[PDB]
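First comes the structure, then the notes that go with it.
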Amino acid sequence: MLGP
Amino acid sequence: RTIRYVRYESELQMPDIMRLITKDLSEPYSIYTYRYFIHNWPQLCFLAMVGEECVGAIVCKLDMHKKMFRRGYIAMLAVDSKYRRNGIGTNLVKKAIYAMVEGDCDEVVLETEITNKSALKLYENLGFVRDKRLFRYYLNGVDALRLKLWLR
Amino acid sequence: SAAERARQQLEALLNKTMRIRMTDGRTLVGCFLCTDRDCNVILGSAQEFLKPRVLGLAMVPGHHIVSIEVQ
Amino acid sequence: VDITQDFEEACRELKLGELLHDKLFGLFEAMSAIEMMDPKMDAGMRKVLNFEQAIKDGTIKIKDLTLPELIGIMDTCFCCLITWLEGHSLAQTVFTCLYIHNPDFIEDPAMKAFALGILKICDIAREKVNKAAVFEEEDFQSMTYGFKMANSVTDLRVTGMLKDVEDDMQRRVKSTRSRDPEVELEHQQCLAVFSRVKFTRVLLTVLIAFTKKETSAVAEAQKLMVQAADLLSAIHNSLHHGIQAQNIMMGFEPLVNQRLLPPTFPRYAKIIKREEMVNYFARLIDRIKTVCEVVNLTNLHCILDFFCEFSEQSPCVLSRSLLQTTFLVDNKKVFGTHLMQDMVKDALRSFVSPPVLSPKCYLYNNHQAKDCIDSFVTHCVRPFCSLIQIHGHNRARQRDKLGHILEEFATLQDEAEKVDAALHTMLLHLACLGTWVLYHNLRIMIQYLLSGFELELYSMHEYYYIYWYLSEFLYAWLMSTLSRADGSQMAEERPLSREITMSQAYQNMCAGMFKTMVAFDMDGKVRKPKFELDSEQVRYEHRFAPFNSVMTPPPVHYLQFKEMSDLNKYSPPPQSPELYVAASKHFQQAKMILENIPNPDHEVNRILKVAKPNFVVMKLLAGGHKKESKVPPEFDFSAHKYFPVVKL
Ligand SMILES: *C(=O)CSCCNC(=O)CCNC(=O)[C@H](O)C(C)(C)COP(=O)(O)OP(=O)(O)OC[C@H]1O[C@@H](n2cnc3c(N)ncnc32)[C@H](O)[C@@H]1OP(=O)(O)O
């Protein structure tokens, strides 16, 4: 889950 | 039920990916993020399709970071609820890993919520190693874990 | 040739004001940067007045805009 | 001019996957584009009203405030302040109180005084947090969004105003000091309001004392912190009197700050409930009480041990900053009294006692030797400040900084070795400063390795070689360094007895865990990567990559690791029974070594709480219990952070  | 893994071919498959990711993933992704990942690296995106529908989606990226090692990245992974525990996601990650290693990748990284035990078990079985702990890294609030798979 | 003319006109439409005025108002102005076949428009240094906000890069989607205007 | 009709038709004739960027914008500036349609992306989406437009409207109360309304407002302001201290944004959490936007317009003395006190507390906390700079990207949001926080009135005047408000309520409390139920409720409400005002004053005074430049005022806050216990007891007992919320209480506008929200994705902080407000303040007060004792330590090693023990508690962001600031009130002066170079010299003299620092040696009055040792101490002053700053961070981000500090510590080790060699040549005292630096390096490496267990970064199959590095190599080197340090102290003549005992216990427990894991693998009870291809050599090399920077002790590669940890070296090779017996013996040795240690502190009690149950399991499993089972064992880390309980 690409996270900031 | 025969499960077929087909690589990404054209933008007509984008609505299939967006539906699977949104209904499964928690963080919010705009359509331009999917467009970036698909267009820049179309060779690393694979789908799991049965009949005339879509039940799986893996979206990945590969780019050199800090000019030290070519690092691969698994950006999105989703399997439909009715079709989980059939090994679809494991095979998707295996195909992505094989594509990355054919692309001369040195390491593969990804993040996931610590509460999501299924993905942690899958990655530990596949051989991933927990590398860093990130507190409140997501929007929901769940602490994120950075898993790595060192190839060289 | 019609497709080429339309593409040239759209390319010339860049670097302008291109006020958005989405379906909820918000009177976005910004500057036009890119578009797609879904008619969604991405902006830059865009302000948002309810009914200034200095958003970074708005991505007003196709099925949320009413009528755009360029000064 | 409107061009929507001419724009939609043109856009509908694209290539189905073609963009319109000209030459300098591809997909990356297009990343992080705020899609102004989704609820989770666009930050901005009865009637929104600020304080100025609410005073005239009448929906706000700025005069003749009822006691329950005051109690509710104060309690919810406390909840918002705690939520901000927990890491949430200032504007969306604490400034939802319309009263603290401008306390000048407030006319009620109690509400105005409390608002000024809250603003002063926020200002002091923000200043202390920013000065220490021990907060990461997301552990604190010190941005004030351009607001002004009680910069006009002096802090002493605010404290005096709070004292006057408390004095004007003590008379009311005593006036009703006594069967009428209404007067009883009024007296209870007045007592609650007085308790809240007094606790606000106490906390503000504690922070003010921590903001003073004199270390004397720090110790004076202990009495007020003690008073805070009774104040919080009263504040928690009288909690069902204030006006409850309607989430939205009468006085607060949750969405009054919409033009000041950041343009990025929103996080939507959730203010805590009133029930948990009292507990958090009690924990914070206890933490500040623990912090206030750091001004009594006189040597560097005790200071470092105190910092480690405090950080092991997982404290809040504010308390760590307070500890850092009270340790280093200036950029170069510790506690504001002693220069750090003198502290490092005292630590060296107390730990190893080199001849150069000894007054009875000819090297104390020498010009060249004094300059050389001063240069070494000056070079050493920086890495220790960096190490303490690293200890000031949170648990997750300590590991990376500890791994990175090893480069500077290895450079310092090389410089110390060169200095000691030159001094010994001049004198004619060998490896004294080298021994000190080696001890600090080994302590850093040990804590770095254990932080992996503390943060659950180690998999089931990774335990067996992580514990080996701790047991056979690192702690073995540490024991030699401590023995050399203790020996040199007596040779030039026990403060290090407790550290030696603790190190022995830790080494014994680590060896027992390593043997248990090796036996578990031999039996077949440990799950390994079943597929793909991830060589254990690469995993080992990347796990122990940060240790490559240091030179003493030399790093151990995978090829050398197998030879040292191979069980085939013993003839005949030991079966799992033997490894179980060895683990039981190690656990028994650790238990005996701890039980023989006088005055067991809190750290010993927890370690005893894991050695005892695991020893019984090891002996029981040594008899062949569940030998045929292939299920993996369950490790519980609740008892101790670094050493789990082997549960079958
Ligand atoms: C940022 O993208 C990445 S986070 C990945 C996305 N998480 C998410 O919630 C969306 C997708 N999630 C899933 O549905 C599921 O987690 C996936 C993505 C792993 C898909 O599941 P699969 O069914 O494809 O997983 P398998 O391919 O079956 O293999 C999983 C391994 O882990 C064990 N496992 C899986 N789910 C489990 C549950 N619910 N409980 C226990 N164990 C679970 C599987 O059994 C398998 O190990 P095996 O022993 O079965 O081989």
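Read-outs throughout are calculated quantities, based only on the coordinates presented, and are distinct from any laboratory measurement. Cβ atoms come from the backbone with ideal geometry, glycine included; neighbour counts cover every protein chain shown.
Inter-label distance, D:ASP400 to D:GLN5: 5.5 nm, where each label sits 7 Å from its Cα along the C-beta direction.
Computed about its Cα centre, the charge dipole of the protein assembly as shown is approximately 1280 debye, with only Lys, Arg, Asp and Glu carrying charge at their Cβ. Placing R0 at 25 angstrom, the Cβ-Cβ distance between D:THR211 and D:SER386 gives a FRET efficiency of 0.50 after rounding to 0.05.
Each 10 Å bin, from zero up to the one with the longest distance, holds this percent of the alpha carbon pairs of region D:544-648: 12, 30, 32, 25, 2. Only helices enter the 222 nm calculation for chain D: every DSSP H run of n ≥ 4 contributes -39,500 (n - 2.57), and dividing by all residues gives -19500 deg cm²/dmol, rounded to 500. Neighbouring Cβ atoms from other chains, within 10 Å of the Cβ of residues in B:117-129, number 4 on average.
Taking a ≥ b ≥ c as the square roots of the eigenvalues of the Cα gyration tensor of chain D, is the shape rounded (a/c under 1.5), prolate (a/b larger than b/c) or oblate? In terms of gyration-tensor shape, prolate. For D:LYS612, the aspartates and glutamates whose Cα comes closer than 18 Å to its Cα, not counting residues fewer than 8 places off in the same chain, are D:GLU595, D:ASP601, D:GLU603, D:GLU634, D:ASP636.
What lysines sit close enough to D:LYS360 to cross-link, taking a C-alpha to C-alpha distance under 18 Å and skipping anything fewer than 8 places away on the same chain? Partners found: D:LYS345, D:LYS370. Answer with one residue from D:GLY623, D:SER216, D:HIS187: the one whose Cα lies farthest towards the positive end of the charge dipole of the protein assembly as shown, charges on Cβ with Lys, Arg +1 and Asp, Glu -1. The listed residue farthest towards the positive side: D:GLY623. With N counted as the residues of region D:283-380, its alpha-carbon radius of gyration over 2.2 N^0.38 Å works out to 1.31. In this simple spin-label approximation, D:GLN368 and D:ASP636 carry label points 7 Å from Cα along the Cα→Cβ vector, and these lie 6.5 nm apart.
For the pair region B:81-152 and region C:16-50, the centres of their Cα atoms are 37 angstrom apart.
For region D:297-457, the equivalent ellipsoid derived from the Cα gyration tensor has semi-axes of 31, 18, 12 Å, listed largest first. When the listed pairs D:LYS525/D:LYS591; D:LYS120/D:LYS174; D:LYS198/D:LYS289; B:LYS23/B:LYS117; D:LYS212/D:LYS289 are checked against a 22 Å cut-off, the alpha-carbon distance exceeds it for D:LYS525/D:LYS591; D:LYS120/D:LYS174. Can you classify chain B as rounded, prolate or oblate using the Cα gyration tensor, where a ≥ b ≥ c are the square roots of its eigenvalues, rounded means a/c under 1.5, and otherwise it's prolate if a/b beats b/c and oblate if not? Rounded, because the longest to shortest axis ratio a/c is under 1.5. Let me know the shape class of region D:51-292, please: from the alpha-carbon gyration tensor, a ≥ b ≥ c as square roots of the eigenvalues, rounded when a/c is under 1.5, otherwise prolate if a/b is greater than b/c, or oblate. It comes out oblate by the Cα gyration axes. Peptide D:527-539 has a mean of 5 when you count, residue by residue, the C-beta atoms of other protein chains within 10 Å of its C-beta. The tail of the calculated P(r) for the protein assembly as shown beyond 57 Å holds 22 percent of all Cα-Cα pairs. Peptide D:77-88 is shielded by partner chain Cβ atoms: per residue, an average of 0 of them sit within 10 Å of its Cβ.
The calculated FRET efficiency for the pair C:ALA2 and B:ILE3, based on their C-beta separation and a Förster distance of 41 Å, comes to about 0.40. Straight Cα distances below 16 angstrom link D:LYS15 to the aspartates and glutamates B:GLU9, B:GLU11, C:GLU4, C:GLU11, C:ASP36, C:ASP38, with same-chain residues fewer than 8 positions distant left out.
Model label sites at D:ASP64 and D:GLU563, defined 7 Å from Cα along the beta-carbon direction, differ in position by 9.2 nm. Is any residue of region D:46-81 close enough, with backbone N under 15 Å, to a label point placed 7 angstrom from the Cα of D:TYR145 along the Cα-Cβ axis, and if so, which? Under 15 Å, as judged by backbone N against the label point of D:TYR145, lie D:48-52, D:80-81 of region D:46-81. Fewest-first ordering of D:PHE637, C:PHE32, D:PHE28 by other beta carbons within 10 Å of each residue's beta carbon gives D:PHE28, D:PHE637, C:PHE32. Dividing the convex hull volume of the alpha carbon atoms of chain C by its residue count gives 81 Å³ per residue. With neighbour counts taken as other beta-carbon atoms within 10 Å, the residues D:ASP534, B:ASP63 rank, fewest first, as B:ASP63, D:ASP534. For region D:317-364, the alpha-carbon coordinates run over 48, 17, 11 Å along the three principal axes, in decreasing order. For the pair region D:293-330 / region D:333-357, the C-alpha centres are spaced 18 Å from each other. Measuring between their Cα centroids, region D:412-427 and region D:634-648 lie 45 Å from each other. Taking the Cβ-Cβ separation of D:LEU428 and D:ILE500 as r and a Förster radius of 25 Å, what is the calculated FRET efficiency to the nearest 0.05? Between D:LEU428 and D:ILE500 the formula returns 0.25. Under a model in which nothing but the beta-carbon of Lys, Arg (+1) and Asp, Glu (-1) is charged, region D:297-457 shows a dipole of about 280 debye around its Cα centre.
Sparsely packed loop sites in region D:499-597 (the chymotrypsin sites (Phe, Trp or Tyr not before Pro) outside DSSP H, G, I, E and B with at most 10 other Cβ atoms within 10 Å) comprise D:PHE531, D:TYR570.
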